[PDB]
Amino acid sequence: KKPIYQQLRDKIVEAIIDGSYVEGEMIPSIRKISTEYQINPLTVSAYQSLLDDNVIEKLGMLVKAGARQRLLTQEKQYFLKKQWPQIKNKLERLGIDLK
């Protein structure tokens, strides 16, 4: 579910944020990832967006330095915008004042 491809993208993103993938270190390559469970070896080209977005760089490819922080703030923005509300605000609907 989801256009594939955020599944690899997000999985990688969460991998950096969890420190499973470390800054300035080789990631897995396309073969190993397509083999990982299964993926079309292209459609593993989520490695595209991460190149574009400066998460990873070009042997092998590595997580860029400053990558995790860029991703984190990028997560705060989203969460605060599209996520934090509807919970807020449904804290008030029920019970509140963290205790």
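Residue numbers run from 1 along the displayed sequence.
Can you count the deposited residues that have no coordinates between residue 45 and residue 46 and report it as none, 1 to 3, 4 to 9, or 10 or more? Going from residue 45 to residue 46, the model skips 1 to 3 residues of the deposited sequence.
Count class of deposited residues lacking coordinates, residue 58 to residue 59: The entry has 1 to 3 unmodelled residues between residue 58 and residue 59.
Return whichever of 14 to 22 and 84 to 92 has the greater mean Cα B factor according to the PDB record. Looking at the record's C-alpha B-factors, the answer is 84 to 92.
Of 68 to 76 and 48 to 56, the stretch whose C-alpha atoms average the higher B-factor in the entry: Taking the mean C-alpha B-factor of 68 to 76 and of 48 to 56, the larger value falls to 48 to 56.
Please say which third, lowest, middle or highest, residue 34 falls into when its CA temperature factor is compared across its chain. As the PDB entry reports it, the C-alpha B-factor of residue 34 lands in the lowest third of its chain.
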